[PDB]
Amino acid sequence: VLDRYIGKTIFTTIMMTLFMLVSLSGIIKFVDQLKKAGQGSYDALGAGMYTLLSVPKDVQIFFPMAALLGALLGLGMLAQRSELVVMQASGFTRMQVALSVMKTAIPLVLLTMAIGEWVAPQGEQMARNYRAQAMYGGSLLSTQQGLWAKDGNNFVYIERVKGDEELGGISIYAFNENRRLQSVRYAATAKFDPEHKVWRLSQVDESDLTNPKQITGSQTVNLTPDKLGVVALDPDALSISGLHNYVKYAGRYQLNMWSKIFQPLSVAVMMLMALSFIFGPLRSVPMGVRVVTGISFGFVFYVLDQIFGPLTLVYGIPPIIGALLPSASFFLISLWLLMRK
Amino acid sequence: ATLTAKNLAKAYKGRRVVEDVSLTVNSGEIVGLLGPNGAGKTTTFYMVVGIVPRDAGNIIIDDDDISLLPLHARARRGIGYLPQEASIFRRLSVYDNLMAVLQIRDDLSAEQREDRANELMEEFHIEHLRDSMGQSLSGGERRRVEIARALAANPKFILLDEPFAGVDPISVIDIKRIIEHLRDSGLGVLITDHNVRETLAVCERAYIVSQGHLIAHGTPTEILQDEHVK
Amino acid sequence: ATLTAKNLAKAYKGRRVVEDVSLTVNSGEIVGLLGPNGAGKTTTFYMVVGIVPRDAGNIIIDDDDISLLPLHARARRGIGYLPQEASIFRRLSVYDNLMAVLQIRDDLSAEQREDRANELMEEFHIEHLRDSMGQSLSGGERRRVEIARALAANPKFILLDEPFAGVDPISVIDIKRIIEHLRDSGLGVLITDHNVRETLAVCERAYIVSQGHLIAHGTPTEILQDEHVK
Amino acid sequence: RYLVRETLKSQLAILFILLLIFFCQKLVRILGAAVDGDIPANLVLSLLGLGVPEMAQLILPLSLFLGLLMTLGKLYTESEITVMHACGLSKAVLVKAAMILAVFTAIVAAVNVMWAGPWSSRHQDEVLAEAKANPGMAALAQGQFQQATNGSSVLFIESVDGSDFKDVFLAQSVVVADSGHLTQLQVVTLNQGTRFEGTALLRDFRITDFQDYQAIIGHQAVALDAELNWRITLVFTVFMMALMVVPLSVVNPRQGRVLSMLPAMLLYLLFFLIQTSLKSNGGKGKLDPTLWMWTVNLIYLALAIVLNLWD
Ligand SMILES: CCCCCCCCCCCCCC(=O)O[C@H](CCCCCCCCCCC)CC(=O)O[C@@H]1[C@@H](NC(=O)C[C@@H](CCCCCCCCCCC)OC(=O)CCCCCCCCCCC)[C@H](OC[C@H]2O[C@H](OP(=O)(O)O)[C@H](NC(=O)C[C@H](O)CCCCCCCCCCC)[C@@H](OC(=O)C[C@H](O)CCCCCCCCCCC)[C@@H]2O)O[C@H](CO[C@]2(C(=O)O)C[C@@H](O[C@]3(C(=O)O)C[C@@H](O)[C@@H](O)[C@@H]([C@H](O)CO)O3)[C@@H](O[C@H]3O[C@H]([C@@H](O)CO)[C@@H](OP(=O)(O)O)[C@H](O[C@H]4O[C@H]([C@@H](O)CO[C@H]5O[C@H]([C@@H](O)CO)[C@@H](O)[C@H](O)[C@@H]5O)[C@@H](OP(=O)(O)O)[C@H](O)[C@@H]4O)[C@@H]3O)[C@@H]([C@H](O)CO)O2)[C@H]1OP(=O)(O)O
């Protein structure tokens, strides 16, 4: 079948332009962090970090733009070489061609949906984690910062954070709905322990307010664990159940929850937009105009994505709207170029 | 079997580039379509092919108006097409090209596709190049593969675009013999060239578009009588 | 007043295309250069032009080894060249094109440039197209403008690459009349083409390459009667 | 008599469509400060035009690079550079034209740092800082950490839109508020409050009751609580890339037109890449501890000259 032909052609053009857009941004961010590696090594803020850091680019940063450019050049080959009109003059339908591209689009959605929750989150975790030589970096290793927690009615100021998951730490503002203080603690020994100790009872330095005069104090010796206490990673951190964290209480975190799970729709709509191009205003203008239109609508996708995500401030528009807006309203321009004539 | 055009029309910003072409082609004959360059041939032939849509007129196969139907629909109803430039699939085999066009034939079976492919390859002299790559072939071998691929769809009016361009007179007479082989097959052929005295000698009748008008129509000698072009 | 190519040779990474070919072009005669499809019509002509670099070869105008020059140094020393396609400065006027060629005429005055421009515009009949926009010319007008630019640099041996490829047989005869007017102005004109039956009818003598080898040359009668042509 | 007005048109076009690309980059960047960096977005449209010259530092050399390359691509694929070669004109005539363009755009990049570069730099040095101090309608609830020059005073409100407050929380230890409202000019009209400052048990245990206190903690916290390389090297880019791109705008028949742009772009951005990497130690002017940059400047000038010439 030539189903194999169109599928393997589009797939290898995807993989070639994907390796190209990985290598370019890889060496650019390599020489970008080469402007701060005066404390790391020759490769520590370099090659040992980017051999892991190539794949979060590969998930979502370039993979829609590389999706359009691959499924555009690899299907513009078939119009440059007067070869799509051959099968289209043998009777192989344009919907046959659309099904032939999207029959192998399924490994691309499968690929990025796999990597964006198996390899890329832990990839950028280990990337920021390996940058602990040159300091000031916020990672799973945080630094000496007072992380203002917010556990519902409870609140905790942090004094000091170490790298062994220990805390001269927890200062519970034990506040009820009467705003009656119950503890003024200083958890000097907050050592990491298993799931029975998501808050470990350390270093009692409290005072309850059962009376304005009588105070039951004790100088002897909340629901945010360490895998939820790492919150400075505002780009793509982890899976949906852990991202479902600020829930009994934050708009950008569920915005990123939708942006994690709409990248498959981005790739699929992106190939559909490429085929509406190759059956649209294209098919007559040459390969320079093919690749110019490619990078143009890819950059249009980038600017609409990275504005209309963070644009959710004025009305505080729903995040489904804010995340589908560079995808559904790109499906729309594709659909109009389909049914235009 | 009979393909017929009636009152063909195309314009651009109101400037008429095609004004009332009505061409016919029967099965067995080789209709030529000549003229000046860019004043009827490209646009009229490509409307009859179906690369470009019409504005006013009829395209009829055997009392069935296909003018709304696009190019792949005209191929599913019986009109074949061969492009000007090199139109082979540069990664499959010749064997896989012929089977790849035999895939969409919804009237065949497993042994029938192999049989029809071996028929076409043994008839068009590529069966020794069965396991070759079309990217790495020569011009005449590649034209054999393209004509065999066109015959794999089993057409009834193949509409050739420039077969007599860019080759020496030896390959001109070889492609002349393959068009003679197609008129032996009972398949109609519509052809547009700019080799007038190298194409008009095979056509049993030819139509001469001239800035829109078919000012000459009929046999090649009757075309050479009038010089309303010249 | 005499151009001669001696022992031309060219390859493409061990793919030989020209193997010890020498051609002679006297002044004032339409010399052809023909052959088979892509075995030396293109390559030998582009070496005598100088676009491709040779390896071994001798190009001579009056004992001058001009084989090591760039392209425009050959154009500086009396050789013309016309490309295959639309080499018009589409956003200049025609008189600006002619004077733009005439800016490097150091052997003339500051007013004999305009005098020669008036002569060429009276000759090639562009007196109404003197100030037209260079995009908006037709086929024969465009050919006359490009030939006027060629002659404004005042060559001796002009080298045309397919001056017939893509014109109907009216403009073919007109271009033959233009080339006879060129050789009646005393220029040794060299022509390659894919049209042997169009080229051989105007050339006074022609050269037939074949696979990096001239296998025949001279008179068109002997070129009709030599080793294989039909 | 030159093609300079033909390449100047695409110069203007590529200029006009690179300024919007870099607008859409710096705007996406400063939306990061409007959302996460906690800076109020009453200054986006002002910050764009007050900072367009540090943007146009890098537009104009790449603008001439593209406006030569994309133009001579058409000039070569119409087989028209090779008809200037078919007449007595040389490669030097379009070299003369390209260097006239280099003079023009180098005047542009010079008057940039003459009258609008540092001007916009020292009016962007303020972020309209006197209105960063003077408050408006900017609250930004669930935030406002601002460790520097405030102690650790955080004051967020677990509310919906600003009518029923929960845990205004007013840090400094902390004073805790139950009810609240809002007025502008630092005077917030909150109803109740309860001050607390006890760190240890041996210290004081200070309470105040619900009072008519107005909670003025919003105070205007000010921070008081090489060009020697670029001025010559960017003018050298503009003066060099025009001479560098003409031997690379040579569009070959087989490899197509846009692949006839890959080596020019791959050398241009490798240039700016190595220049920016060699801007690692800069010392801000009078502290310049390395001059490996004129190594790559001289060797790309040599690459341009070697490229051009072919004897
Ligand atoms: C075909 C036609 C061609 C088309 C045209 C071409 C288009 C080109 C586009 C370019 C436009 C923009 C130009 C540009 O970009 O321009 C420059 C670029 C030059 C080249 C561009 C032109 C190319 C050539 C021309 C083209 C030729 C072809 C770079 C720049 O600008 O340089 C720098 C910049 N690099 C880039 O931008 C790369 C560039 C790269 C550009 C690439 C171009 C590619 C083109 C490809 C062509 C293809 C053909 C080949 O662009 C990007 O990528 C952006 C994306 C661009 C993509 C656009 C789309 C492309 C489409 C193309 C087709 C259409 C970099 O950070 C950007 C990263 O952000 C994200 O990553 P993250 O998310 O962050 O990870 C991006 N992620 C992303 O985008 C997302 C994705 O990945 C990418 C997606 C992209 C789109 C994807 C799809 C594309 C479409 C595809 C379609 C097919 C990354 O992406 C990356 O990684 C790279 C990425 O993979 C690659 C990009 C991918 C592109 C792919 C394209 C493919 C196309 C193919 C088809 C065509 C990106 O790298 O750092 C700076 C900015 O950060 C600043 C700021 O200024 O804002 C400064 C900060 O300080 C930092 C620093 O970061 O440097 C951090 C510090 O922590 C620390 O580390 C410090 C030092 O290190 C310390 O040692 O440094 C800090 O400041 C202040 O903060 C605090 C303040 O608040 C006070 O409290 C202070 O304290 P603190 O709190 O502690 O910090 C600080 O003080 C510190 O320091 C003090 C001392 O040092 C004193 O010194 C003083 O003075 C100094 C000054 O003198 C210096 O001048 C300064 O140091 C200070 O002022 C300082 O005060 C100490 O004092 P002491 O105590 O010691 O006394 C003090 O204690 C403390 O330590 C300081 O004061 C802060 C802010 O100010 C806060 O207020 O942030 C920049 O410097 P600057 O801007 O110049 O300033």
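Residues numbered from 1 in each chain as written, not as in the entry; some residues may be left out. Chains lettered and ligands numbered in written order. Heavy atoms only, no water. Residues with missing side-chain atoms left out of burial classes, pairs and counts.

(A) Quick peek at the site of the ligand. Of all residues adjacent to the ligand, which total 24 residues, the nearest are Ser25(A), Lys29(A), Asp32(A), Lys57(A) and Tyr136(A). With respect to the ligand, its neighbouring residues span chains A and D. In this structure, an oxygen atom belonging to the ligand sits 2.3 Å away from a side-chain N or O atom of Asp32(A). Here the ligand, which alone exposes 2500 Å², has 51% of that area covered by the protein. Contributions of two or more residues to the shell around the ligand are made by α1 (3–33), α2 (47–61), α3 (63–80) and α11 (287–308) of chain A together with α1 (4–35) and α9 (262–277) of chain D. Among the elements that line the shell around the ligand, the one with the most residues is α1(A), at five residues. Broken down by class, the residue content of the shell around the ligand amounts to 17 nonpolar, two polar and five charged. (Near = heavy atom within 4 Å. Polar contact = N/O pair within 3.5 Å; in protein donor to acceptor, adjacent residues only side chain to side chain. Areas by Shrake-Rupley, 256 points an atom, 1.4 Å probe, with all protein chains shown as cover. Helix = DSSP H or I, 4+ residues; strand = E, 2+ residues; numbered from the N terminus. Nonpolar A, V, L, I, M, F, W, Y, C, P; charged D, E, K, R; others polar.)

(B) Broad picture of the UniProt feature "transmembrane region" in chain D. All names here are of chain D. With numbering matched to this structure, UniProt assigns "transmembrane region" to residues 12–32, 50–70, 97–117, 232–252, 258–278 and 290–310. Across residues 232–252, helical content stands at 67% and strand content at 0%; the span's end C-alpha atoms are separated by 35 Å. Along residues 290–310 one finds 76% helix and 0% strand; the C-alpha atoms at either end are 34 Å apart. (UniProt positions renumbered as here; feature names shortened; annotations may be inferred.)

(C) Region of the structure containing the nonpolar core. Core analysis: the largest hydrophobic core is formed by 72 residues, its most contacted members being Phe45(C), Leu159(C) and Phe65(D). Looking at which element gives the most residues to this core, the answer is helix α4 (residues 59–77) of chain D, with ten residues. With residues near it in sequence (within four places) discarded, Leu159(C) still touches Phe45(C), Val48(C), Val49(C), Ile79(C), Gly80(C), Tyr81(C), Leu82(C) and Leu190(C). Membership of the second largest hydrophobic core comes to 42 residues, among which are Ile10(A), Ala71(A), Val101(A) and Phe301(A). (Core = buried A, V, L, I, M, F, W, Y, C linked by side-chain atoms within 4.5 Å. Buried < 20%, exposed > 50% of the residue type's maximum accessible area, 1.4 Å probe, protein only. Contact = heavy atoms within 4.5 Å.)

(D) Local environment of the arrangement of the chains. Looking across the four pairs of chains in contact, one finds the most contacts between chains A and D. Where chain A comes nearest to chain C, the C-alpha atoms are still 18 Å apart, and the two do not contact one another. A gap remains between chain B and chain D, with no contact made and the closest C-alpha atoms lying 15 Å from each other.

(E) Structural detail: the interface of chain C and chain D. At the junction of the two partners, chain C supplies 18 residues and chain D supplies 15 residues. Here chain C packs against chain D, burying approximately 1600 Å² in sum over the two surfaces, 59% of which is carbon and sulfur. It is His72(C), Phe89(C) and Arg91(C) that lose the most area in chain C upon contact with chain D, and together they represent 28% of the buried surface on that side. Linking chain C to chain D there are one salt bridge. Ionic pairing is found between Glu78(D) and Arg90(C), a salt bridge with its closest N-O pair at 2.7 Å. (Buried area = accessible area lost by both parts, 1.4 Å probe. Salt bridge = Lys/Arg side-chain N within 4 Å of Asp/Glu carboxyl O.)

(F) Representation of a nonpolar patch on the surface within the structure. Side chains of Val103(D), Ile107(D), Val111(D), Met114(D) and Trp115(D) sit close together on the surface and give an oily, nonpolar patch of about 560 Å² of accessible area. Relative to the helices and strands, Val111(D) is located in helix α6 (residues 92–124). (Patch = residues over 30% accessible without salt bridge, like charges linked within 9 Å, V, L, I, M, F, W, Y side chains within 5 Å.)

(G) Spotlight on the UniProt feature "transmembrane region" in chain A. The feature "transmembrane region", as given by UniProt, occupies residues 10–30, 59–79, 99–119, 261–281, 297–317 and 319–339 of chain A in the numbering adopted here. End C-alpha atoms of residues 297–317 of chain A are separated by 25 Å, and the span's content is 57% helix alongside 0% strand.

(H) Inspection of the interface of chain A and chain D at higher detail. Counting residues at the interface gives 31 residues for chain A, matched by 30 residues for chain D. Summed over both partners, the interface of chain A with chain D comes to about 2800 Å²; 76% of that surface belongs to carbon and sulfur atoms. Remark: the boundary between chain A and chain D carries one salt bridge. Residue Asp178(D) is joined to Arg179(A) by a salt bridge in which the shortest nitrogen-to-oxygen separation is 2.6 Å. Elements represented by at least two residues in the side of chain A that touches chain D include exactly α1, β5 (205–207), β6 (217–219) and α11 of chain A. Ranked by residues supplied to the side of chain A that touches chain D, first place goes to α11(A) with seven residues. Looking at the side of chain A that touches chain D residue by residue, the class counts come to 18 nonpolar, seven polar and six charged.

(I) Spotlight on the sheet that holds strand β7 (residues 159–161) of chain C. All names here are of chain C. Here we have three strands laid out as an open sheet, ordered β5-β8-β7, and parallel in their pairing. Every interior strand has two partners, whereas the edge strands, β5 (30–32) and β7, have only one. Taking each pair of neighbouring strands and ignoring which way they run, the sheet shows an average axis angle of 25 degrees. Relative to strand β8 (residues 189–192), β7 is paired through three bridges, and the arrangement is parallel. (Pairing = 2+ DSSP bridges. Axes fitted to C-alpha atoms, helices over the stretch in contact; angles between N-to-C directions.)

(J) Molecular detail of the packing of aromatic side chains. Enumeration according to the criterion identifies 24 aromatic pairs over all chains in this entry. Taken together, a centroid distance of 6.2 Å and an interplanar angle of 50 degrees make the contact between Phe301(A) and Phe330(A) tilted. Of the two residues, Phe301(A) sits in helix α11 while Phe330(A) sits in helix α13 (residues 328–338), which places them 29 residues apart along the sequence. Residue classification places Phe301(A) among the buried positions, given a relative accessible area of 3%. Here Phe330(A) falls in the buried class, since its relative accessible area comes to 5%. Pairwise contacts between aromatic rings join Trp148(A), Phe155(A), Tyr157(A), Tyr173(A), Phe175(A), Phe156(D) and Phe169(D) into one cluster. Sitting over the ring of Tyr95(C), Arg130(C) keeps its end group 4.1 Å from the ring centre. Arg1(D) extends its terminal NZ or CZ atom over the ring of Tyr2(D), reaching a point 5.3 Å from the ring centre. (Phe/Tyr/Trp six-rings, centres within 6.5 Å; stacked < 30°, edge-to-face > 60°. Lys NZ or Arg CZ within 6 Å of the ring centre and 35° of its normal.)

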